[PDB]
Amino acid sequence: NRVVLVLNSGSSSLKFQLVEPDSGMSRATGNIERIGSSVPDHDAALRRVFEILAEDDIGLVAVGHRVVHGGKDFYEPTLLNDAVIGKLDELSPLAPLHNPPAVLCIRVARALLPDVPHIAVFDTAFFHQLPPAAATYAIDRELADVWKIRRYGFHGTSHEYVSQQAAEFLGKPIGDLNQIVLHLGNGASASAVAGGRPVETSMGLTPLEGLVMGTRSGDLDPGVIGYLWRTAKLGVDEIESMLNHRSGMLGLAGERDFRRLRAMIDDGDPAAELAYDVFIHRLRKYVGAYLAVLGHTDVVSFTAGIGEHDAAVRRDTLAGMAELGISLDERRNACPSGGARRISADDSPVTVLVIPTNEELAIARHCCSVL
């Protein structure tokens, strides 16, 4: 019956999805790409989103706005208005490229749909309460406080969601489990969650830190930027742009997609082989690091596009881990299905799951939370 509209705007894109909270069904789903030839302006992106919804004959309650960065101040699903929107515009320097498109969309959206309330859900919100020892970078304290620099973390809605679904799958209270969640998508991040409360995550001040990703470097010697600047004589924006768009798997092997990368490795391409090896090794390190942080771990869950469907990634990440409590059973891991499932061996002290993520559904239920 009741439906929420979840929106997600980039600088040349407006993803959308109509969704029912109480049942979980998704009434419709799209994303208007290349914005900025055929679809020029974000007003004409949401307008063209109505011609799509019309052509399938389209019981609303709210409109959910996906915002990437909530700074120190926004870590709850927040009711929007002109005053709240005001404070949002001030967050933008924390996320200079990612956030303004969602402020833009807040205002184009609320302008063109005053019927329902608009509620904002932040991708940093889940990690607000990371413990100080994990949230603090070891840099000059004054600069850190003045410029609001800490580990904020991202993929918050996904890590939270999956941790709740893992609890349910196992039939135990979220309060009694220690978990690792591995969100392997276009972007990739890891979390450690102790009793439902997050205690580490791999992304940082920005979505660049941590795991190797499609186009992002992840962890990098802090000296690399300076080196490229004073010796290669490249500009800082160029350097950072390269780190977000010309690094990771694209930078190492010339290919993002892991099914394509597989074919390249099957065909004996060394560069694709090295790139895959770099990705897996980086992830293995984060699994180990977070087992230590937790001390005792009950479950590890994979989620997101690569996590849900690449059996070779799951196998290689957790190979040779029996002395740390993890064993996979390939009969379960090698068998493609959708849905929540168990892929660990029956005698594995740590349980390994696949849990499909539904960021848009979790964003819908939170919106109700605020009503």
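One-based numbering along the sequence shown.
A chain break between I58 and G59 is present, corresponding to 4 to 9 residues of the deposited sequence without coordinates. The entry models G36 and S37 with a gap of 1 to 3 deposited residues left without coordinates. Of the two segments, 335-343 and 302-310, the one listed with the higher mean B-factor is 335-343 (C-alpha atoms only).
Of the two stretches examined, 263-271 and 184-192, the record assigns the greater average C-alpha temperature factor to 263-271. Among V67, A28, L328, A322, the highest C-alpha B-factor in the deposited entry belongs to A28. Compared with the other modelled residues of the chain, the Cα B-factor recorded for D82 ranks in the highest third. Compared with the other modelled residues of the chain, the Cα B-factor recorded for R284 ranks in the lowest third. Per the deposited record, the Cα B-factor of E90 falls in the highest third when ranked against the other modelled residues of its chain. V350: CA B factor lies in the lowest third for its chain, per the PDB record. In the PDB entry, a CA B factor belonging to the highest third of its chain's modelled residues is recorded for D115.
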